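Below, in structure tokens: the form deposited in one PDB entry, a single chain.
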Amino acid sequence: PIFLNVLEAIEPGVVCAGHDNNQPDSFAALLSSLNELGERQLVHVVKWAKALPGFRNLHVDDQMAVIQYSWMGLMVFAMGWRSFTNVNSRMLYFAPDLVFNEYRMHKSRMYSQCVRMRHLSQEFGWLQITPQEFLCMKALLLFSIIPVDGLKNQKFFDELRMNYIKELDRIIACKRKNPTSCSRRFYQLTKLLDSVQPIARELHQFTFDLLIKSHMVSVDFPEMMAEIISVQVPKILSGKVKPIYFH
């Protein structure tokens, strides 16, 4: 289980937001914690991505671009699984110190996005996603969004993405002698992966608008995040960078 040992080995641990839960909920505070949390998780997404099998093959510039484009989606996917395993989808488990109930979802002004993630959370349970399918799907998620004008080394990217899809096939086939059974499972999983993109898009859109009016809502955007929202996020929203759907 070489490939799976590695994913299990590099999976990031618990990341906290540093939120003040003794303080009454407020839009400004909730968003500042989401921003800080986002930034803390990105530190780990980079380290995780760099230790992924084959990731170093990519051109240095494609490595940073791919990580930044996939950032939101990766957090969404990982948060849904935590929400499912920790609180059986009753609340969104952004972090141990940042759990959203409907009241928080509503005050964050990202209710529709939150409800969609809760649904994703429920999907992990309904589809009985195993920890291993989760780890592979998550890694594959990192290789699911590219520029129309291509990466510096598109070919190396295509090879890598193909190899990860082949790993998922193996995880699905393992203990499934029935081809039909493997096909239906692959269908279910690629469908779940595709559902992540639309959610990341709404969060992207929301975050973009929020930054532009940041000075009007007292929200504190971290340096790195502000730069990525203004430089990378617009390419996605304008259609220059697109996610790779299966369906």
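From 1 onward, residues are counted along the sequence shown.
If you look for the form deposited with a partner chain bound, you will not find it shown, but the lines that follow are about it.
Single option in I212, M64, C182, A28 placed near the partner chain in the bound PDB entry, where near means a heavy atom within 4.5 Å: Filtering the options by heavy-atom distance leaves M64.
Which pick from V219, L34, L52, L42 sits with a heavy atom within 4.5 Å of the partner chain in the bound PDB entry? So the residue touching the partner chain in the bound PDB entry, by this definition, is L42.
Would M224 show up as a contact with the partner chain in the bound PDB entry if we use heavy atoms at 4.5 Å? Yes, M224 sits close enough to the partner chain in the bound PDB entry that at least one of its heavy atoms falls within 4.5 Å.
Interface membership of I228, the partner chain in the bound PDB entry, 4.5 Å heavy atom rule: Yes - in the bound PDB entry, heavy atoms of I228 and the partner chain come within 4.5 Å of each other.
Test of understanding: in the bound PDB entry, would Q68 fall inside 4.5 Å of the partner chain by heavy atoms? Because a heavy atom of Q68 falls inside 4.5 Å of the partner chain in the bound PDB entry, the answer is yes.
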